[PDB]
Amino acid sequence: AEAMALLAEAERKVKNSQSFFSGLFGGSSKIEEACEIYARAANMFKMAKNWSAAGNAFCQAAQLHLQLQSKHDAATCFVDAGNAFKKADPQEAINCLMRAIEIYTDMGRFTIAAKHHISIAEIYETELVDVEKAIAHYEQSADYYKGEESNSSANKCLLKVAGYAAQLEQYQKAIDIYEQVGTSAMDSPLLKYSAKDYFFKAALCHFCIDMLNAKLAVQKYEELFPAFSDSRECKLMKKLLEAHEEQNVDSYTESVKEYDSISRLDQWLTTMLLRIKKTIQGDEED
Amino acid sequence: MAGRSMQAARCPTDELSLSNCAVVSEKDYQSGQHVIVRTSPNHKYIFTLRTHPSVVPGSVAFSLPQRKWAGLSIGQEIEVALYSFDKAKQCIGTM
Amino acid sequence: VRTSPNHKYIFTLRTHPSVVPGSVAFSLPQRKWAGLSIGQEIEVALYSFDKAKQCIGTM
């Protein structure tokens, strides 16, 4: 219960012994008791809905637990310190997880480093928006997930790179990413149906390109075009290529006049719609 | 001469698109010369050069019709080489 | 605007933040009247008119 007395009785109990207090063995029993109690204390603040004070209570517990010698669960206390300000409003969970991930990889490990590097990336994408750094976090983290054949996040965090990167700034990465996912997507008997929208994303990114480079993917890809769900990928394209190439808008726009009913359009698709018609503006708008 | 790495770009303006000539820069080739674009060990195409002070040294600009024949993309690497005709059987008479 | 030894054209200035210091931005008409494309370095110089003779009265 004590929000303060566990602290006050442990702060007078944390001290290095070169004195009459030294004696025979260390005070590692004392700081072990203290850090277990700090863990309970950061629990009682989080139970009391104090995720800032609780999160800082995790921060002392999480930093002081390394002082005996415990890098094992000090990483867990770092994640708990991160989860508190991740749940609470502000930042500084970013530092709890950057203290976490380096120490976790310093154990001789790979996975959870990436599994919270994505957490920092989610914060720096959604919340503490630093997408030019979060996308690097997805990138290096997906490099770790690639080097462990955890193909899930290996494809996923790359998709998070490319879906925002293409629209904002990186163009050859768009098709290079959606082809790297697309080949091994065609490989597995589990994956080759997810490849349809993956090559849709490879195609409909136009990179200031007026061409049928999407049709280069058509006469590349294993569509099996009697599968009509790729006609919402490329017959869409077989209209709009020549709509954009004949600088025409009442066929290009008509494609989504009919395609909005047969497919709900999210923000990224309509932003790419607006992207290719900014290329149409640059073809038409004087 | 023997061939160099070039990068495909877009024709500067609509003025050089009605000439059916590969627009380049004066720092690389020279107006009057002919070239043979190479894209594979089986697709060899031959165009005419025309300099223009807007092309980037080390890149060739093509119009859509030229790009609509050779399957060329805006932003790829291609090997372009000067190609000199022979005035015996290569002079067109009935086309 | 000085581009070549036989093309001296006169334009009106208007500052704007997006433009890069040491770069002049033109519109489609201008760039289709002066025969210019992006990536070519032009020689820009201020020019001042004669108020009595140049001012327009019937155009």
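Just so you know, the sequences run in chain order K, A and B. Going by the deposited numbering, the first sequence opens with residue 8, and the numbers climb by one from there. Going by the deposited numbering, the second sequence opens with residue 1, and the numbers climb by one from there. Going by the deposited numbering, the third sequence opens with residue 37, and the numbers climb by one from there. Backbone N, C-alpha and C fix where the C-beta goes; we use that ideal spot for every residue, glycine too.
- In the structure shown, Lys87 (chain A) falls within a coil segment according to DSSP collapsed to helix, strand and coil.
- By the Cβ neighbour-count rule, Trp69 (chain A) is exposed, with fewer than 16 other Cβ atoms within 10 Å of its own.
- By the neighbour-count definition (other C-beta atoms within 10 Å, threshold 16), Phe65 (chain K) is a buried residue.
- Within the region 81-163 of chain K, the runs of alpha helix (DSSP H) at least 4 residues long that lie entirely inside it are, in chain order, 81-94, 100-113, 118-129, 138-153.
- Within the same chain, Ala250, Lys284, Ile287, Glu291 come within 8 Å of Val256 (chain K) by CB-CB distance, once the 5 residues on both sides are set aside.
- With respect to the C-alpha of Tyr45 (chain A), the residue from A:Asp28, A:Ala22, A:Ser31 having the closest C-alpha is A:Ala22.
- Straight through space, the alpha carbons of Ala221 (chain K) and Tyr205 (chain K) are spaced by roughly 12 Å.
- Between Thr13 (chain A) and chain B, the shortest Cβ-Cβ separation is below 7 Å.
- The three-state secondary structure of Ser63 (chain A), taken from DSSP, is coil.
- DSSP, read as helix, strand or coil, puts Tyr205 (chain K) in helix.
- By DSSP's assignment, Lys44 (chain A) forms a beta bridge with A:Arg38.
- The beta carbons of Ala100 (chain K) and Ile108 (chain K) sit no closer together than 7 Å.
- Contacts between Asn220 (chain K) and chain A, judged by CB atoms closer than 7 Å, involve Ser73 in chain order.
- Chain A places a beta carbon closer than 7 Å to that of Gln76 (chain B), counting this residue as a contact.
- With a cutoff of 7 Å on beta-carbon distance, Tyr151 (chain K) and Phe207 (chain K) are scored as not near each other.
- If one requires a minimum length of 4 residues, the alpha helix (DSSP H) runs lying completely within the region 217-258 of chain K are 220-225, 242-252, in chain order.
- The C-alpha of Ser268 (chain K) is placed about 23 Å away from the C-alpha of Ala209 (chain K).
- Annotated three-state conformation of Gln30 (chain A) is coil, per DSSP.
- Between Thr39 (chain B) and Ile78 (chain B), the gap from beta carbon to beta carbon is short of 7 Å.
- The continuous beta strand (DSSP E) containing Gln7 (chain A) extends over residues 4-10.
- In the three-state reduction of the DSSP assignment, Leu175 (chain K) falls in the helix class, which pools H, G and I.
- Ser63 (chain B) has its alpha-carbon roughly 27 Å from the corresponding atom of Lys87 (chain B).
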